[PDB]
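**Q** So that we are looking at the same thing, I have put the structure below in structure tokens.
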Amino acid sequence: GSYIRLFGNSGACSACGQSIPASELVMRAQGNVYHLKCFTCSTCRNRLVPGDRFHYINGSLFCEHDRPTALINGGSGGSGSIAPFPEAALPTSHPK
Ligand SMILES: [Zn+2]
Ligand SMILES: [Zn+2]
């Protein structure tokens, strides 16, 4: 295993992967987990906020400012995607 940076294999965000604590709520979407601080677009690094417009395509984070229009299934009369909320997912393993 090479991708394992999550103090083992409990849970981590694809942006940084620095431990998913039970204390810090994490943003979960289709089938992936992210940190509320790591919830930023990969184009302009705009933080996605619950109540603000964001884009989630192929498991990637974009924003209203970039708005990848060349490959957005549903980008018709203004896509209305809103950033999800952070909830507690899984605790990280701590090797004592
Ligand atoms: Zn993170
Ligand atoms: Zn952006």
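Each reported figure results from applying straightforward, stated rules to the coordinates on display, with no laboratory input. So basically every Cβ, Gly included, is an ideal-geometry build from the backbone, and we count neighbours across all protein chains shown.
**Q** Is it the case that the range 18-28 has a residue that's within 12 Å of ligand 1 (Cβ to nearest atom), under 20 Å from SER79 (Cβ atoms) and part of a loop (DSSP other than H, G, I, E, B)?
**A** No, the range 18-28 has no match at all.
**Q** Looking only at the range 8-27, filter to residues that are closer than 23 Å to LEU71 by Cβ and out of contact with any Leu (no Cβ under 7 Å at 6 or more places or on another chain); which one of those is farthest from ligand 2 (Cβ to nearest atom)? If you could, list the steps in order and put the result at the bottom.
**A** At the first step, the residues of the range 8-27 found to be closer than 23 Å to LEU71 by Cβ are 14-15, 27.
In the following step, the residues that additionally are out of contact with any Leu (no Cβ under 7 Å at 6 or more places or on another chain) were identified as 14-15.
Working: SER14: 17, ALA15: 14 Å.
Residue satisfying both the conditions and the ranking: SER14.
**Q** Within the range 30-67, how many residues turn out to be surrounded by 14 or more Cβ atoms within 10 Å (Cβ to Cβ), within 12 Å of ligand 2 (Cβ to nearest atom), of a type in the set (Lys, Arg) and closer than 21 Å to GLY17 by Cβ?
**A** The number of residues fulfilling the criteria is 1.
**Q** Follow-up question, since we're still on this one. With respect to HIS94, is the statement that it is in a loop (DSSP other than H, G, I, E, B) and either surrounded by 10 or more Cβ atoms within 10 Å (Cβ to Cβ) or at negative phi (or both) true? Outline the logic, then answer.
**A** On the way: in a loop (DSSP other than H, G, I, E, B): yes; either surrounded by 10 or more Cβ atoms within 10 Å (Cβ to Cβ) or at negative phi (or both): yes.
Judged against the criteria, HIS94 is a match.
**Q** If you don't mind, another one. Are any residues in the range 45-75 of a type outside the set (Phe, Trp, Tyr) and in contact with a strand residue (DSSP E or B) (Cβ under 6 Å, 6 or more places away or on another chain), and if so, which ones?
**A** At the first step, the residues of the range 45-75 found to be of a type outside the set (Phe, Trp, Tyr) are 45-53, 55, 57-61, 63-75.
Within the range 45-75, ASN46, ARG47, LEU48, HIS55, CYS63, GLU64, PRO68 meet the criteria.
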